[PDB]
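To start, the structure itself, in structure tokens.
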Amino acid sequence: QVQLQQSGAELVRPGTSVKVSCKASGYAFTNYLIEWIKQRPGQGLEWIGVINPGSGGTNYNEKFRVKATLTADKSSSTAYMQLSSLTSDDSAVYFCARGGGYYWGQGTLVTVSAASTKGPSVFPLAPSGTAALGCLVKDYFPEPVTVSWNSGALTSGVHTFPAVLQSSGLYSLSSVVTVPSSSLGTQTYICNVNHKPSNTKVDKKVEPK
Amino acid sequence: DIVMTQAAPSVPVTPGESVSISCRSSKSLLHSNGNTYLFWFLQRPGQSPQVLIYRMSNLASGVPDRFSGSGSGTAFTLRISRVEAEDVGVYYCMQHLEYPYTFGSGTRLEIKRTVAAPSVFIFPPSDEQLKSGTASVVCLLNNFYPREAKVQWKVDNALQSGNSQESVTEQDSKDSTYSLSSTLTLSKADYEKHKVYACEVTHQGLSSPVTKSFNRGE
Ligand code: NA
């Protein structure tokens, strides 16, 4: 079973450089090409370039010739993409893909910003034969926040909304769930909020008021 | 470069029916070896792209027989028969005949289901948030179709403007609905100068707008 494991999300300052990695497993790394693709939020796919790990040879899209540098380390089965002189236009998800189009990495989110990391505040959206309840995750930076319910045991009827950018420059999101009204007195409902950039982990119990 | 054009940004399809997604190229993708270098990819929300078709007409391993590709060298069609609710996502074409490799702008597949009015719920700000000096009033519109839904806020029956923000989910892969949240943000001091908070919802499945409300202090 083949896997292309990419490095984690990066929050990087304007004018600096960032280097993302793509680690191959389950196949002979040096026998296949590695391509890099850019996806801006809510936008399409753009091709950056390609490298042959078994020779060191590269080809770039002219739009990324100045900005990007593709390398590969045969010893650690890893491909790297370095982006220089970072701007907000570089904020995107970057994917590595093995030649042939079948095998893709999971993507690496890059946010280019001078703003500070900030953890969210989590507030209950208390319920009043179906009840709606939820959690409001307010004022965090950067993205992402993940939300689960009852430590992953509750998945049916959950909607976790895409975050919105507030006028303050901070993000906010809500996650809701509909459940049987008859369960409000017998079942504990907890939203598990995780904001990795600020190490925030909140497990908010949502009680009927 | 070779320009890839996808003429339809979205295409609606009732489940069980077939659909065609078009792509065009500014140069023939036919190579002198006889192959036509065109891929079709699917991208589901929050996931990496996945290959459906390689070399214009070859079905990729693990892809259902309901997907097929064909084309002329400059015009291509991805055909999906017996479309399932699970087929929601964005379909992209890509050329790999010459560098730089280029993609089409994507075509979203929208599942046409029965029109459904939203279930509307309103949440007052929590006492926890009020202590911090801010108030967020949330209006939930649940499991509706189509995507288009207008939300208007009224405070003491006065129409609000400039103080709300909405977020909509991707079309559900099982029931083909959308959900929306609207958040009205006030300071605690301004929140406490008013009594009645209401959200009024306009949607194709409603004959007249629906209002959910609460009285502050109840
Ligand atoms: Na370069």
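Order of the sequence lines sets the chain letters (A, B, ...), proteins ahead of strands, with each chain counted from 1. Values reported hereafter were calculated over all heavy atoms of this structure, with side chains retained and with hydrogens, waters and symmetry mates removed.
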Would you mind checking which part of B:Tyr54 comes under 4.5 Å of any heavy atom in chain A, side chain (CB onward), backbone (N, CA, C, O), both or neither?
-> neither
Neighbour count above 12 (heavy atom, 6.0 Å) for A:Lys118 NZ = yes
Tell me, side chain or backbone of A:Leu165 under 4.5 Å from chain B's heavy atoms, or both, or neither?
-> backbone
Could you please state which residues from residues 211-218 of chain B sit under 4.5 angstrom from chain A, measuring non-hydrogen atom to non-hydrogen atom, sorted by number, or 'none'?
-> none
Would you please test B:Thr102 and A:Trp47 for side-chain contact (heavy atoms from CB on, under 4.5 Å) and show each step?
-> CA-CA 6 Å; B:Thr102 51; A:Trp47 189 85; over 6 Å; no
Show your reasoning for whether side-chain contact (heavy atoms from CB on, under 4.5 Å) applies to B:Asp127 and A:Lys209.
-> CA-CA 10 Å; B:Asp127 287 338; A:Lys209 192 184 184 192; 3.1 Å; yes
Does the side chain of A:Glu46 reach to within under 4.5 Å of the side chain of B:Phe103, using non-hydrogen atoms?
-> no
For B:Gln43 and A:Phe95 the tightest heavy-atom approach is NE2-CZ, 3.8 Å
Please state whether the side chain, the backbone, both or neither of B:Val90 comes within less than 4.5 Å of a heavy atom of chain A.
-> neither
More than 12 foreign heavy atoms under 6.0 Å from CZ of B:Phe67: is that the case here?
-> yes
Which pair of heavy atoms, one from A:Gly107 and one from B:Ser48, lies closest together, and at what distance?
-> N-OG, 4.5 Å
Which bit of B:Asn142 comes within less than 4.5 Å of chain A, counting heavy atoms only: side chain, backbone, both or neither?
-> side chain
Between B:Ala60, B:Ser105, B:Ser61, the one whose heavy-atom pairs under 4.5 Å with chain A are most numerous = B:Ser61
B:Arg147, CZ atom: more than 12 neighbouring heavy atoms under 6.0 Å | no
Using non-hydrogen atoms only, which part of B:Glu166 is less than 4.5 Å away from chain A: side chain, backbone, both, or neither?
-> backbone
Pick one of side chain, backbone, both or neither for B:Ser119, based on which atoms fall under 4.5 Å of a heavy atom in chain A.
-> neither
Using atom types as modelled and distance alone, determine if a side-chain donor or acceptor of B:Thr169 lies under 3.5 Å from a backbone N or O of A:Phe161.
-> no
Close approach to chain B in residues 131-157 of chain A, criterion heavy atom under 4.5 Å | A:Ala132, A:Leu133, A:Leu136, A:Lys138
Would you mind checking which part of A:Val206 comes under 4.5 Å of any heavy atom in chain B, side chain (CB onward), backbone (N, CA, C, O), both or neither?
-> neither
All heavy atoms of B:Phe39 vs all of A:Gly101, minimum pair found to be CZ-N, 4.1 Å
Residue part contacting chain B, namely of A:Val93, when any heavy atom lies under 4.5 Å | neither
Turns out that what part of B:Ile122 lies under 4.5 Å from chain A's heavy atoms comes down to neither
Measuring heavy-atom distances to chain A, does B:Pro124 have an atom under 4.5 Å in its side chain, in its backbone, in both, or in neither?
-> neither
Can a donor-acceptor pair be found between the side chains of A:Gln106 and B:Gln47 at a distance below 3.5 Å?
-> no
Does any heavy atom of chain B fall under 4.5 Å from the side chain of A:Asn61, the backbone, both, or neither of them?
-> both
Gap separating the OH atom of B:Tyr101 from the CD1 atom of A:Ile48, nearest 0.5 angstrom | 15.0 Å
Under 4.5 Å from a heavy atom of chain A, the part of B:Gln165 involved | side chain
Go through the atoms of A:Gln39 and report whether side chain, backbone, both or neither lie under 4.5 Å from a heavy atom of chain B.
-> side chain
Using a heavy-atom distance cut-off of less than 4.5 Å, which residues of residues 2-10 of chain B contact chain A?
-> none
Close side-chain approach of B:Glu128 to A:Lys204, heavy-atom, < 4.5 Å | yes
Go through the steps for A:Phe123 and B:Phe123 under the test side-chain contact (heavy atoms from CB on, under 4.5 Å), then give the verdict.
-> CA-CA 11 Å; A:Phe123 306 112; B:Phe123 307 89; over 6 Å; no
Test applied, side-chain contact (heavy atoms from CB on, under 4.5 Å); reference residue, A:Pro162; option that passes from B:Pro45, B:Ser181, B:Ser167 | B:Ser167
Flag side-chain contact, heavy atom, 4.5 Å: A:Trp104 against B:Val51 = no
Would you tell me whether A:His159 and B:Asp172 have side-chain atoms, one donor and one acceptor, within less than 3.5 Å of each other?
-> no
Tell me, for A:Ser172 versus chain B, whether the close heavy atoms (under 4.5 Å) come from the side chain, the backbone, both or neither.
-> neither
Residues 96-111 of chain B vs salt bridge (charged side-chain N to carboxylate O under 4.0 Å, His left out), sequence neighbours excluded, gives B:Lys27-B:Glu98
